[PDB]
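Colleague: Here come the first chain(s), positioned as in the complex:
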Amino acid sequence: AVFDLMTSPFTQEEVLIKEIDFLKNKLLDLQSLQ
Amino acid sequence: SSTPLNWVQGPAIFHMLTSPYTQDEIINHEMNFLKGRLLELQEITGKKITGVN
């Protein structure tokens, strides 16, 4: 895995929540594929 | 700064050693990575997930 320091008007918590949402949807899609 | 910004350690991007250009090996390693990262982030945050297999 790679981590890239960045900057945004969000905070770490909201970014982690968005990552959780996106990864959950992506895993659901990959599971539904098979 | 009219728009206050923060230092945000960004999200982990999936990086495979050998990129095989087809979807089979990619999807296998990617499902593994997704489950691992979901577990890591659930350990970091005070929350729970649904559908993790």
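Modeller: Ah, there it is. Numbers count the residues shown, from 1 in each chain, chains lettered A, B, ... in the order given.

Colleague: how about the residues of chain B that lie near chain A?
Modeller: Residues of chain B lying close to chain A (C-beta under 8 Å from any C-beta of the partner chain) are B:3-15, B:27, B:30-31, B:33-35, B:37-38, B:41-42, B:44-45, B:47, B:49-53. The way it works is simple: take the backbone N, C-alpha and C, and place the C-beta from them, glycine included.

Colleague: So which residue is dead centre in the chain?
Modeller: Using chain A here. Compute the mean C-alpha point of chain A, and by C-alpha atoms, centre = their mean the closest residue is residue A:19, 1.9 Å away.

Colleague: try again with chain B
Modeller: residue B:37 (4.7 Å).

Colleague: which SS state does that residue fall under?
Modeller: Put simply, residue B:37 is helix when judged by DSSP: H, G, I helix; E, B strand; the rest coil.

Colleague: about what we covered before: find the nearest non-adjacent residue to the residue nearest to the centre of chain A, please.
Modeller: residue B:11 (4.6 Å; C-beta to C-beta, 6 or more residues apart in numbering or on different chains).

Colleague: put chain C on too:
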Amino acid sequence: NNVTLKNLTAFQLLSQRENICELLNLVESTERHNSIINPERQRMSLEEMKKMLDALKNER
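Modeller: So that you can see how it sits with the rest, here is chain C on the chains above:
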């Protein structure tokens, strides 16, 4: 039956080289050009067309 970068580049380069060598008249492709045309097959197909046309003509 499998296609990789090497196969694709080799195929494209082979086609290009064949075309250019044909431009300079450095190649004799009578075998290929007469297996594709196949004048025997031409005569066979022509006689088949004639027979089918006669059949359609006489059914009336």
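
Colleague: re earlier: got a list of what the residue nearest to the centre of chain B touches?
Modeller: Residue B:37 sits next to A:1, A:23, B:12 when contact means C-beta atoms under 8 Å, 6 or more residues apart in numbering or on different chains.

Colleague: ok, now with 7 Å
Modeller: By C-beta atoms under 7 Å, 6 or more residues apart in numbering or on different chains, residue B:37 lies in contact with A:23, B:12.

Colleague: How far away from the center of its chain is the helix or strand harbouring residue A:21?
Modeller: Using DSSP states H and E, residue A:21 sits in helix A:12-33. Distance of helix A:12-33 from its chain centroid, counting by C-alpha atoms, centre = their mean, to the nearest Å, is 5 Å.

Colleague: Same question for stretch B:36-48.
Modeller: The chain centroid and the centroid of stretch B:36-48 are separated by 10 Å under C-alpha atoms, centre = their mean.

Colleague: list the buried ones in it?
Modeller: For stretch B:36-48, the neighbour count (16 or more other C-beta atoms under 10 Å in any protein chain shown) marks B:37-38, B:41 as buried.

Colleague: add chain D to the structure above, sequence below:
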Amino acid sequence: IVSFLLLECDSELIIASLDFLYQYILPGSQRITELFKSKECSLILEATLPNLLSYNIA
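Modeller: With chain D added, the chains above now look like this:
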């Protein structure tokens, strides 16, 4: 599109055709008339819809 309806071995194509026809005849009645004006579309729908009712349900 109704010919696409006539296939059997592609559920997604059938669902797409049915969704398009639904959205087509949805707003009013003149479009129903325009749809059934064609004899081919009418025949294919009449032969297909009841058999699509019992599609892959054993």
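
Colleague: The contacts of residue B:37 with chain D there, same question as before?
Modeller: A:23, B:12.

Colleague: hang on, residue B:7 in a strand?
Modeller: Yes: under three-state DSSP, residue B:7 falls within a strand.

Colleague: Now for the closest residue to it other than its chain neighbours, how many residues are close by?
Modeller: Nearest residue to residue B:7, sequence neighbours excluded (C-beta to C-beta, 6+ apart): residue A:7, at 6.4 Å. Burial of residue A:7 is recorded as 10 neighbouring residues (other C-beta atoms under 10 Å in any protein chain shown).

Colleague: again, but for residue C:27
Modeller: Residue C:27 has 13 nearby residues by other C-beta under 10 Å.

Colleague: packing partners for the helix holding residue A:21?
Modeller: Under the contact criterion of 3 or more C-beta pairs under 7 Å, 6 or more residues apart in numbering or on different chains; DSSP states H and E, helix A:12-33 touches strand B:6-9, helix B:23-44.

Colleague: Residue of chain A nearest chain B, please.
Modeller: Of all residues in chain A, residue A:1 sits closest to chain B, at 3.7 Å by C-beta to the nearest C-beta.
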